[PDB]
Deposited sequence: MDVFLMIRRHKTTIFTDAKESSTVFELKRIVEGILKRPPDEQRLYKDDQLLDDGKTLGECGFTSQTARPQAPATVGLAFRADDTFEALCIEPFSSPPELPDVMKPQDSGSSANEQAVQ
């Protein structure tokens, strides 16, 4: 099974998919390959909860029902290790008002 994700950090958002059965550590390899920075220099999260390297993305909560192509789940990414920065994700821009034309 593929799961579809947004790996997110600061103003960085990566779109990628992965097997339900691949590991949190394997996701970090993929990030490494993209953001050019080693797995030990990075932590991953769902919501606030820090993820363990040897757990699969399934075990971590990312599943078919839950991480669909058109509605990928978010994985929080954090950096630096001689001290970890705190998980921080710049929110997206807000949509305008709504035109009163909208019952």
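Checklist line | Deposited-sequence ranges lacking C-alpha coordinates, in sequence order | finding: Model skips 82, 105-118 of the deposited chain.
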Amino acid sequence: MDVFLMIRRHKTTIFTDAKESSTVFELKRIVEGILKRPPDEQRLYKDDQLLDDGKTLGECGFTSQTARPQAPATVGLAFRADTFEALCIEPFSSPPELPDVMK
From here on, numbers count along this sequence of modelled residues.
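Next item on the list: Read off the CA B-factors in the entry, average them over 35-43 and over 68-76, and name the higher stretch.
Entry: The stretch with the larger mean CA B-factor is 35-43.
Notebook entry, point to check: So 88-96 or 7-15, which one's hotter by mean CA B-factor in the entry?
Noted result: In the deposited entry, the stretch with the higher C-alpha B-factor mean is 88-96.
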